[PDB]
Structures are given as structure tokens and as C-alpha cells.
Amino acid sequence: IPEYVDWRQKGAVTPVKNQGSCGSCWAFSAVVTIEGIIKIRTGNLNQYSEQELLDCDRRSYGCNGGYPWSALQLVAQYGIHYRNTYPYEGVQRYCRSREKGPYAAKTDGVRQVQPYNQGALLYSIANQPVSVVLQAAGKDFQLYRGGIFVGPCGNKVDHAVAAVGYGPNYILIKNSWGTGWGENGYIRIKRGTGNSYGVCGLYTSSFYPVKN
């Protein structure tokens, strides 16, 4: 695989979003992976609905938290709508997938990257964007303005984000806290520390949507 990977350079990632004051991270995270694989497969880049996931995922807790893998399961079964058809409100209402009409896209499945393994993660990122979790509760993470982030931080993961690339010494992450945070909404986290958990727990649980 390559030394450098950046899905933005292949026209596979959409503008940085802001989840606001709602624990929708898991939905935003899954959506980045969906927008990415569809572009890679079909050639078109569209924004998909995080609100739909927020409302229609029964295994997740709406704005109280949720699971990227379950949100990714939902799309592989029932598909998903465009963000424009089913916009983001920052509050969980009721599932309106049927009302909005036919789904815009549907995935074929979801797979898990072998955990606590930097190589297994890089390999997957070289194929498509990946849903990844980390600990964002630390002040250092919250105050990040740029650079290859090395911490300090623990591995009490509590925020789902998406990995859209990597380099010799970092993993490029797309966050959902707006463009005013980090490097225009992005963060480059240190890799190859030999830490199996990954910086901030980055290697705890990673999933990606499958689509043939």
C-alpha cells in the first residue's frame, strides 16, 4: 500500500459538518464512510443523512450516543437518504425514512477491522474511509489547533470519527466539530508509537461499509 493516502484528493469526502450539542457523532462518522464508498464505487459524491440514522437506529441512543456499526447495519438493510432530503436537526425525532420516499443509496454490508492493530487499520484506510473511535474528553484534544497530535490522552474512547487517510507518521481524521476546530475540521493523529491501543484509543473498534 502507499506511503500517503488522502481521500479528499480523490474527491471522496464532503465538507466538514458540525454535530452541535447532540451525541450524533456515531451517525456523522458512519455517513463519512458511506459518502466515501459510494464515490469510490459509482463515481458520484453525495451527502447523506445523519439525521436519518439518528432517528432510525433502534440500537443507538439518539443524541445520547450510539454505534457506528449498528448505524452502518441499518443502511445495509434499509438504505439511506440524501442529506438534502432528510436534513440534520440536531435532535432525534421519529424515523421518517418511508415518508421521504425511496432511499438514495444502499450498502451491501459492514465489516470490522481487526482491533488494536495499526497495520490492519492502514490497510483498510488505503481502500476507503473508515469509522474509528477515540477519546475526545481531554482538554488537549478539545483545544487542538493543528499539528500531529500525540496527546496526552487516554484510551477511554467516547467519540466516533472517520479516518480519511494517513501518512508515514500520522492518521488523518475527519471530525464533526465544524471547520473552526483543528486543521479545518481535521486532525492528524500520531501513529507507529508501538502502542496497540493507538493514540487516544484510535485502534479500539473500526468498521467500514461493504459495497460491491
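All residue numbers refer to positions in the sequence shown, first residue = 1.
- The question of which stretch, 25 to 33 or 56 to 64, has the higher mean Cα B factor is settled in favour of 56 to 64.
- Taking the PDB entry as given, 15 to 23 carries the higher mean Cα B factor of the two stretches 15 to 23 and 198 to 206.
- Note on the listed residues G119, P129, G138, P87: the highest Cα temperature factor in the record is that of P87.
- Looking at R145, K174, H159, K39, the one whose CA carries the top B-factor in the deposited record is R145.
- Per-chain ranking of the deposited C-alpha B factor places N46 in the lowest third.
- Placement of the Cα temperature factor of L134 within the chain: lowest third of the modelled residues, per the deposited record.
- Compared with the other modelled residues of the chain, the Cα B-factor recorded for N184 ranks in the lowest third.
- In this PDB entry, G167 carries a Cα temperature factor that places it within the lowest third of its chain's modelled residues.
- Placement of the Cα temperature factor of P152 within the chain: middle third of the modelled residues, per the deposited record.
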